Each structure stands twice: as C-alpha cells, then as structure tokens.
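Enquirer: Right, I'll just put the structure down here and ask away after.
Here, each number is a calculation from the coordinates, and none is a lab measurement. When we count neighbours, we look across all protein chains shown, and the Cβ atoms used for this are built from the backbone with ideal geometry, even at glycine.
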Amino acid sequence: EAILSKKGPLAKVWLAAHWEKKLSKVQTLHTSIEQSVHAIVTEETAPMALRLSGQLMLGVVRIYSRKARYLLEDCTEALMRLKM
Amino acid sequence: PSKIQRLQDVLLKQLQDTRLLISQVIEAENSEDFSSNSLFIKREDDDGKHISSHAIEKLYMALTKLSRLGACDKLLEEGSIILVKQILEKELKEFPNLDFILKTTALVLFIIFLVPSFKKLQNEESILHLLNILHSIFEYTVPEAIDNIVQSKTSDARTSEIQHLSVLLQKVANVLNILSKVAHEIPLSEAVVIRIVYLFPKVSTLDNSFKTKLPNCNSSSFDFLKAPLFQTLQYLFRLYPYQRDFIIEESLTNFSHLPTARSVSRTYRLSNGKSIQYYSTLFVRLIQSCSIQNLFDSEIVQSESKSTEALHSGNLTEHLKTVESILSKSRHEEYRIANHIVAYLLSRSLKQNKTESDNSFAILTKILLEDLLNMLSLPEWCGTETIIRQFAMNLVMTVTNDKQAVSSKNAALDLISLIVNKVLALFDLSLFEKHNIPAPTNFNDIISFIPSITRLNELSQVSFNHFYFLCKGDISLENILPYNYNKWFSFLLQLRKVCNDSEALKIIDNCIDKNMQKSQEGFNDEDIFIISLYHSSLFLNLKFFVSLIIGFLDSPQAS
Amino acid sequence: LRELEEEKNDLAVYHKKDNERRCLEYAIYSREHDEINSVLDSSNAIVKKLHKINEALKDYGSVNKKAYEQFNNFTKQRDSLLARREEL
C-alpha cells in the first residue's frame with residue numbers, strides 16, 4: 001500500500017526512488033532494509049507487475065549507497081579526531 | 001533572633017541551633033539501632049538507616065542562614081561534620097534513593113564552600129567522588145528517559161514522561177548552581193577542572209541528540225541546564241591560565257553539533273528586544289573575562305598632583321606608564337584568543353572542501369555572526385567590538401590575493417555586507433550627536449579628536465556607579481565593570497600619547513587630573529555606551545573598509 | 001584505540017604514581033607551609049630519591065592525562081560504528 005499512505009518504510013523508499021535522491025535527509029535516512037525486502041518479496045500493490053519492483057530495487061540500492069557513504073564520512077572524521 | 005542594633009545574638013543563636021543538630025544527629029546514628037523517627041529511615045534490610053531528606057533540607061536551611069552571616073571561621077566540623085561526610089560517602093560508594101542522594105550532594109556542596117580557611121575539611125577526593133556520581137548519573141541515565149519517550153507505546157506518550165525529565169533538570173540545575181558557587185569561591189586542583197570541562201560536552205551531545213530525534217522542541221529546561229556552565233568556564237578561564245587554552249580547544253568543537261535551522265536556533269531573548277542563540281554568548285563571555293586587570297591601584301607612590309600641566313609632581317609618569325604592560329597582557333592576548341577561533345572556523349566554513357562547510361558548517365557560522373551583531377549594542381557585553389573587528393581583518397585578507405577559489409571570493413564578500421549594512425545604520429545615521437551634556441560632537445571621523453573632550457570625563461561617571469550596584473551580590477556579571485572602564489582609561493592615555501601637542505595634550509593631563517581622581521574609586525545611560533565605540537578601529541576605519549567594494553566595482557573577473 | 005588504551009593504563013598507574021606526588025605534595029605542603037612559614041616566618045634522602053623518580057614521570061609526563069574519559073568516549077563510538085557496519 002506504499003503508494004497510498006506513509007505507514008511502511010516501503011513508502012519511504014518508494015519516495016526515494018520515485019522522486020529523487022533528495023527530500024530524504026539523515027534524520028529520515030535511518031530506515032530498515034530487511035522489512036523492505038520482505039515487503040517487496042511478497043505480492044505488490046494494486047498494479048500486479050514487475051516495473052514497480054524494479055523501481056523499488058533501485059531505491060533500496062540508492063539508500064544503501066548513501067548510508068554507506070555517510071558511514072565512510074563519519075569514520076574519516078573519527079580517524080581525524082583520534083589523530084590528536 | 002532579630003536584633004535591630006546588632007545581629008550577634010542571631011549569629012550565636014543559629015550557630016547553637018546548628019551545633020545542636022550536629023550533636024543530635026551524631027548521638028542518633030550512635031544510639032539509634034532500631035528506632036524509627038522523623039530524622040532517619042530504617043531500610044528494607046532493617047540493618048540499614050538513612051536521613052530523611054527533611055532533615056537534609058533542614059541542614060541546608062541552617063547553612064543557608066549561616067551563609068549570609070558567614071560563620072565558617074566560627075564552627076567546629078573537624079571530627080564534627082567530617083563524620084557526617086563519612087556517613088554520606090558510606091552510602092554513596094554503591095528513583096527515591098537517586099533523588100535523595102541528589103539532595104545529599106546539594107547539601108554537602110553547600111557545606112563545603114562554607115569554610116574558606118586553610119583546612120576546610122576536604123582532601124579534594126570526596127568532591128571527585130561526587131563529580132563521578134554526577135557524571136555517571138548524567139551520561140547513561142537521561143537516555144533511559146529518551147528511550148521511554150521515543151520508543152514507548154506512542155499513545156499519550158508525548159504527555160506522559162517529559163515531566164520527570166523536567167524535575168530532573170531542575171535538580172541538576174540546583175547542583176550546577178552550587179557547583180558554580182564552589183568553583184568561584186575555593187581554589188581547586190586540576191583533575192577536577194578537567195573533569196568538569198569534560199562534563200560539558202556530554203550536555204551538548206545529548207541535548208543535540210534529543211533535538212534531532214524528537215521535534216517536540218519543549219527544551220527550555222535544556223537551556224536552564226546550559227546557562228550556568230559558562231559561568232564556571234569563565235571563572236576557570238580568568239583564574240587558571242595554565243590550561244586556559246585547553247577549554248578553548250574544545251569549546252568550539254561542540255559548536256559543530258548545533259541546530260541547523262532557524263526556528264530552533266533562536267533562543268532566549270535579549271533586553272533590547274532581539275532573540276539569539278544562547279550558545280553564542282559563550283564566545284564573548286570568555287573574552288569578557290580576558291583577564292581584565294583588577295589591581296587598578298597600588299602601582300604609583302601617589303594619586304593626582306595639583307598642577308599636572310607643568311610637571312607630574314609626586315606621582316611617576318613611568319609608573320602611570322606601567323598600565324600598558326598590563327594592557328599588553330590584555331590587548332596582545334585578546335586578539336591571540338580571538339584568532340584561535342575566528343581563523344579556524346572561517347578557514348573551514350569559507351572553503352567548500354568536503355560536505356560539511358557547504359552542507360552545514362557554513363550555516364552555523366553565518367547565524368553566529370548575526371547574533372554577534374544584535375548583541376553588540378548592549379552594555380552587559382563589551383567584547384563584541386574586538387571580536388567582530390577580527391572578522392574584518394580576515395575577510396579583507398582573503399579578497400586581496402588571487403590565490404583562492406572563485407566561490408571563496410564570493411562567499412567572504414557576503415559576510416562583509418552583513419557587517420557594513422548594520423554598523424553604518426547602527427549609530428552613524430541615527431544620532432551622530434548628543435544634546436544633554438555632549439561634547440562638541442562634530443569633527444572628522446578619523447584620528448582627529450576633540451580638544452574639549454574633558455566633558456566626556458564626567459559623562460563616564462554614571463554607568464560606573466550605576467554598574468556597581470546592579471551586580472553587587474552576584475558574580476555572574478563581575479567582570480563587566482572593569483572592562484568597560486579599563487578600556488576607556490587606556491584610550492585617554494592613547495589620546496595623550498599620539499603626537500605634536502605642546503600643552504594641548506596637557507589639558508588631557510588636566511583631564512588625567514580629573515579621571516585619575518577616580519583612583520579614589522566610586523564614592524539615558526544607554527547611548528553613552530555607544531559613543532565609546534567611536535574610538536575602536538571598526539567604526540573609525542569604515543571608509544578604508546568600504547574601499548574594498550567601491551574601488552572594487554570593476555574587476556578582472558565577472559563573478 | 002588499542003594504543004591509546006595502553007597509554008591510558010600508563011597514565012592510570014601514573015595516577016597511582018602521581019599518588020606518590022600527591023602524597024609527598026600533601027606532606028610537603030602541610031608540613032613546610034603550615035609550620036615553617038606560619039609559626040616562625042628523613043626529609044632529604046628519600047626526598048631526592050623520589051624527586052628524581054619525579055623527574056622520571058615528568059619525562060613520562062608528556063601529559064595525555066585525558067586518557068580515561070577520552071578512552072570511554074571513543075570506545076563507545078567504536079562500538080556504534082562496528083554495529084552500523086554489520087547492519088550494512
């Protein structure tokens with residue numbers, strides 16, 4: 001039902017894939033992955049097709065990339081701080 | 001009791017009552033074995049007993065009374081109350097007991113600063129145990145309430161747990177105020193000061209975490225907590241210079257974790273009707289201390305002579321010329337502190353290196369400067385001038401050389417416009433005069449000054465006695481008086497200093513024969529605070545400062 | 001972090017070794033100040049001994065005595081980073 005409401009994290013990742021990379025800041029970035037996978041693995045919303053599953057896969061991998069990049073940045077900063 | 005010709009009866013009476021409580025509770029803990037009364041409570045393990053917070057508060061009231069009279073040099077605590085602290089620690093080494101122990105620490109901290117004599121009955125170890133108590137119950141005790149508000153059943157939960165946090169923050173406000181008391185009064189060790197300056201970042205990290213996780217914004221209690229820390233930091237800054245840098249070394253670091261939006265950055269309003277971010281008052285507060293001199297007297301054999309316009313009879317001009325030695329410790333250290341900070345943050349926040357300045361670290365600084373503008377005009381601060389002029393002496397450095405990126409030359413210019421658009425419309429266009437008791441008040445706005453500026457001398461008489469009563473009992477605005485004077489007397493010398501005045505700078509020795517009379521110390525007012533800003537380089541060099549735009553209209557480049 | 005923790009252990013046993021400083025500090029402080037600069041205005045051999053071991057930790061005393069709290073903070077931060085990598 002991710003298209004209609006904003007209950008599940010499937011809606012959030014759908015927004016991330018559909019609109020753009022922006023409009024999803026760090027405070028709302030920290031979402032779940034396993035729930036999104038177990039929501040996409042079952043049958044999708046009112047359009048029974050695969051196109052939406054492809055968009056959702058693009059969204060989850062984009063979120064994955066952005067979270068990994070943020071972790072890299074924090075680890076670089078932590079190295080800099082311990083250097084002193 | 002109550003005596004109108006004296007108080008000695010009141011003093012000895014209350015001292016008797018207190019020593020009575022002493023003996024009473026002592027003989028109690030001695031002779032109490034299973035008696036349950038209004039002073040103690042027998043624990044669930046009936047082997048245990050501990051004071052009622054009632055008796056605790058009674059002791060607190062007793063010391064509160066004895067404070068205003070100060071019988072510290074008049075009491076036996078040695079093996080008299082040392083045992084009290086022994087009982088305390090005995091319990092301490094291990095919700096109701098938590099609040100109670102908060103009452104115990106509040107009271108004994110009140111006990112400690114009572115006595116300023118040589119012994120004072122504290123070996124600087126139990127106090128460190130109390131600091132350990134506070135830090136341990138500070139660093140992983142408020143996150144349980146964090147979890148209980150953000151991960152509860154989420155049903156009326158926004159109005160079911162926050163009041164516990166509010167009353168806890170009130171309690172830690174009480175203990176922070178008494179910590180400020182002990183920090184200013186007694187001398188300290190160094191492990192303790194490292195401990196407290198390391199306490200502060202935990203405050204800043206957890207309240208940022210709260211402001212990020214839940215946008216409920218009812219965080220005025222966090223401001224109640226944040227307010228008294230900077231007082232202790234200022235005291236330790238002024239008093240212990242051997243690690244004066246070190247606190248600075250972190251005070252800006254926590255500046256990175258700040259609210260990154262306007263609706264949350266605006267905080268406690270000012271008197272003149274403006275709202276600022278309260279964290280900003282830390283920076284000015286440190287240089288508000290800046291070790292202003294306090295030995296104003298006791299440097300010359302004598303006060304003023306009778307005829308200074310012929311010879312400094314009696315007093316020594318070189319002894320009068322010892323002030324700049326001290327003022328060098330003020331002046332040549334103020335900018336030294338001001339450049340550890342301005343140069344650092346402007347270095348990062350100007351360039352767009354790696355996803356922090358261009359992301360947010362150039363936004364926190366751009367609101368800090370605005371705060372520093374609005375809080376400039378007001379007399380309870382006086383370092384805002386010497387801080388902002390350093391921003392000018394960095395921006396003008398940047399746009400000269402071509403060794404910088406294209407956007408660097410854009411962004412630094414915008415911060416110039418914020419200053420000039422406020423400083424030019426600040427006073428120059430509003431009054432540029434006075435009419436009640438003014439000087440001639442019309443001259444060139446350059447190094448040229450007023451020959452008949454003796455009128456300004458008595459103008460700086462009010463706001464000196466006026467600034468003496470307004471913080472008589474309190475110390476949280478102690479350094480405001482000497483800075484707002486010690487940075488005008490030097491200008492009067494600097495006016496006597498300049499050049500080429502055969503008897504023309506001897507009327508200013510007659511003005512020295514008027515102001516140096518205030519070496520015998522103090523025996524509308526808003527605008528007078530402004531006029532002294534027209535001796536700073538900021539207001540004075542404005543034409544040489546607008547040079548970098550008007551004579552920079554045409555350019556090699558186009559951006 | 002492992003090396004900073006070992007330096008923390010050094011500065012901690014140094015907090016038992018500055019305990020000698022504090023003990024002779026309390027000692028000298030009370031005895032010489034109180035007695036022979038109030039009421040008028042054993043103490044040398046082991047005193048110079050310790051005072052040369054006092055030279056010794058001040059040569060070790062390139063101060064990073066911040067070690068306790070910094071170790072705690074950075075240990076907790078490392079834990080958080082490790083957990084975030086595992087979820088990734």
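Enquirer: Of B:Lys329/B:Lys497; B:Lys274/B:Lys366; B:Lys366/B:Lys543; B:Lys366/B:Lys409, which pairs sit farther than 21 Å apart, going by alpha carbon to alpha carbon? Don't skip to the end; give the middle numbers.
Expert: Details: B:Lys329/B:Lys497 19 Å; B:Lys274/B:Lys366 17 Å; B:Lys366/B:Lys543 24 Å; B:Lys366/B:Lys409 16 Å.
Going by Cα-Cα distance, B:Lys366/B:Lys543 fall outside the 21 Å limit.
Enquirer: Once you sort the root eigenvalues of the Cα gyration tensor of the stretch B:96-167 as a ≥ b ≥ c, which label holds: rounded (a/c under 1.5), prolate (a/b larger than b/c) or oblate (the other case)? Each step should come with its number before you reach the end.
Expert: Details: a/c = 4.72, a/b = 2.94, b/c = 1.61.
Prolate is the answer for the stretch B:96-167, as a/c is 1.5 or above and a/b outweighs b/c.
Enquirer: So what is the calculated 222 nm ellipticity per residue for the protein assembly as shown, using -39500 (n - 2.57) for each DSSP H run with n of 4 or more, over all residues, to the nearest 500 deg cm²/dmol?
Expert: Working: 33 runs with 431 residues, N = 731.
So the calculated ellipticity at 222 nm is -18500 deg cm²/dmol.
Enquirer: With a cut-off of 8 Å between alpha carbons and a minimum separation of six or more residues, what is the relative contact order of the stretch B:219-327 in percent? Numbers along the way, then the final one.
Expert: Values: 57 pairs, mean separation 22.1, N = 109.
That works out to 20 percent.
Enquirer: Out of the stretch A:1-55, which trypsin sites (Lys or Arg not before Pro) are coil in DSSP terms and have no more than 12 other C-beta atoms within 10 Å? Intermediate values should be presented prior to the final figure.
Expert: Values: sites: A:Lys6, A:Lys7, A:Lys12, A:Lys21, A:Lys22, A:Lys25, A:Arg51; in loops: A:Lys6, A:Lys7, A:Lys21, A:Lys22, A:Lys25.
Answer by residue number: A:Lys6, A:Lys7, A:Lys21, A:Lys22, A:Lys25.
Enquirer: Just counting partner chain Cβ atoms within 10 Å, what average do the residues of peptide A:2-8 show around their Cβ?
Expert: On the way: counts 0, 0, 0, 0, 0, 0, 0.
Whole-number average of other-chain Cβ neighbours for A:2-8 is 0.
Enquirer: Hey, got a sec? Which trypsin sites (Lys or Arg not before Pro) in the stretch B:259-366 land in a DSSP loop and have at most 12 other Cβ atoms within 10 Å?
Expert: B:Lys306, B:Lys321, B:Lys354
Enquirer: When the distances between all Cα atoms of the protein assembly as shown are binned every 20 Å from zero, what whole-number percent does each bin get?
Expert: Once binned at 20 Å, the Cα pair distances of the protein assembly as shown give 12, 37, 35, 13, 2, 0.
Enquirer: Put +1 on the Cβ of every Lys and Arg and -1 on every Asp and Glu Cβ in the protein assembly as shown; which of A:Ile40, B:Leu533, B:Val84 then has its Cα farthest towards the positive end of the dipole?
Expert: It is A:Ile40, whose Cα lies furthest towards the positive end.
Enquirer: With unit charges on the beta carbon (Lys/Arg positive, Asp/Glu negative), name the residue among B:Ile247, B:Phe200, B:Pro187 whose Cα is farthest towards the positive pole of the charge dipole of the stretch B:157-297.
Expert: B:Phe200
Enquirer: In degrees between 0 and 90, to the nearest 10, how far off the longest principal axis of chain A does helix A:51-83 point, with axes built from Cα atoms?
Expert: 10
Enquirer: Let me ask something additional. Jot down the per residue volume, in cubic angstrom and as a whole number, of the convex hull over the alpha-carbon atoms of the stretch B:173-303. If you can, show how the numbers build up before the last one.
Expert: On the way: hull volume 19.3 nm³, N = 131.
Considering the Cα atoms of the stretch B:173-303, their hull volume per residue is 147 Å³.
Enquirer: Past 21 Å, Cα to Cα, is the threshold; run B:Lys49/B:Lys85; A:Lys21/A:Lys67; B:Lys13/B:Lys65; B:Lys119/B:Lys181; B:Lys202/C:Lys58 against it and keep the listed order.
Expert: The answer is B:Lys202/C:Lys58.
Enquirer: Which order do B:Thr154, B:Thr355 fall in if you start with the one that has the fewest other Cβ atoms within 10 Å? Numbers along the way, then the final one.
Expert: Details: B:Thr154 9, B:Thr355 12.
The fewest-first ordering by Cβ neighbours comes to B:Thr154, B:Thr355.
Enquirer: How large is the direction-averaged shadow of the alpha-carbon convex hull of the stretch B:295-348, in nm²? Before the final figure, lay out each step's value.
Expert: Numbers: hull surface 20.4 nm².
Answer in nm², one decimal: 5.1.
Enquirer: Now a separate question. Averaged across orientations, what area in nm² does the convex hull of the alpha carbons in chain C project?
Expert: Quarter of the Cα hull surface area: 7.6 nm².
Enquirer: Now a separate question. Could you give the distance between the Cα centres of the stretch B:340-394 and the stretch B:460-503, to the whole Å?
Expert: Rounded to whole Å, the Cα centres lie 27 Å apart.
Enquirer: Please get the size of the charge dipole for the protein assembly as shown, origin at its Cα centre, with Cβ charges of +1 on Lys and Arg and -1 on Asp and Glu, quoted in debye to the nearest 20. Working shown, then result.
Expert: On the way: 86 positive and 89 negative charges, 322 e Å.
I would put it at about 1540 debye.
Enquirer: Let me ask you something else. Dividing the Cα radius of gyration by the Kirkwood radius, what Rg/Rh value follows for chain B? Let's see the in-between values first.
Expert: Details: Rg = 28.5 Å, Rh = 27.8 Å.
Reported Rg/Rh, Kirkwood definition of Rh: 1.03.
Enquirer: Another question, then. Given the peptides B:126-136, B:192-202, arrange them by the average over their residues of other C-beta atoms within 10 Å, most packed first. Walk me through the numbers on the way to the answer.
Expert: Working: B:126-136: 16.1, B:192-202: 17.6.
Peptide ranking by packing, descending: B:192-202, B:126-136.
Enquirer: On a 31 Å Cα-Cα criterion, which of the cross-link pairs A:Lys6/C:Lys76; B:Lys211/B:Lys472; B:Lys90/C:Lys66; B:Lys403/B:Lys487 come out too long?
Expert: Values: A:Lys6/C:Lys76 34 Å; B:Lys211/B:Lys472 37 Å; B:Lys90/C:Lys66 28 Å; B:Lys403/B:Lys487 37 Å.
Long pairs (Cα-Cα over 31 Å): A:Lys6/C:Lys76; B:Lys211/B:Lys472; B:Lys403/B:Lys487.
Enquirer: Moving on to the next point. For the stretch B:1-129, which semi-axes, largest first and in whole Å, follow from the square roots of 5 times the eigenvalues of its Cα gyration tensor? It would help to have the intermediate numbers written out before the result.
Expert: Numbers: eigenvalues 142, 64, 35 Å².
Computed over the stretch B:1-129, the values are 27, 18, 13 Å.
Enquirer: I've got another one for you. Return the FRET efficiency for the residue pair B:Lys3, B:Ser36: r is the Cβ-Cβ distance, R0 is 56 Å, and the value is rounded to the nearest 0.05.
Expert: Values: r = 39 Å, r/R0 = 0.70.
After rounding to 0.05, the efficiency reads 0.90.
Enquirer: Separate question: With N set to the number of residues, divide the alpha-carbon radius of gyration of the stretch B:275-322 by 2.2 N^0.38 Å and report two decimals.
Expert: 1.97
Enquirer: Can I ask one more? Provide A:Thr76, B:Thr205 in ascending order of the number of other Cβ atoms located within 10 Å of each residue's Cβ, fewest first.
Expert: Working: A:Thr76 11, B:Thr205 14.
So the ranking, lowest neighbour count to highest, is A:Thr76, B:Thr205.
Enquirer: Per q in 0.15, 0.17, 0.20, 0.25 Å⁻¹, report the Debye log10 I(q)/I(0) for the stretch B:498-559, using one uniform scatterer on each alpha carbon and no solvent.
Expert: At q = 0.15, 0.17, 0.20, 0.25 Å⁻¹ the computed log10 ratios are -0.80, -0.91, -1.02, -1.06.
Enquirer: Using a 10 Å cut-off around each Cβ, can you sort B:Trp488, A:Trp19 from fewest to most neighbouring Cβ atoms? Write down the numbers at each step before the final one.
Expert: Values: B:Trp488 16, A:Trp19 11.
Lowest count first: A:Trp19, B:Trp488.
Enquirer: Okay, moving on. Of B:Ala338, B:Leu176, B:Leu236, which is farthest along the charge dipole of chain B in the positive direction, counting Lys and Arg as +1 and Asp and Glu as -1 at C-beta?
Expert: Among B:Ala338, B:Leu176, B:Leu236, the one farthest towards the positive end of the dipole of chain B is B:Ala338.
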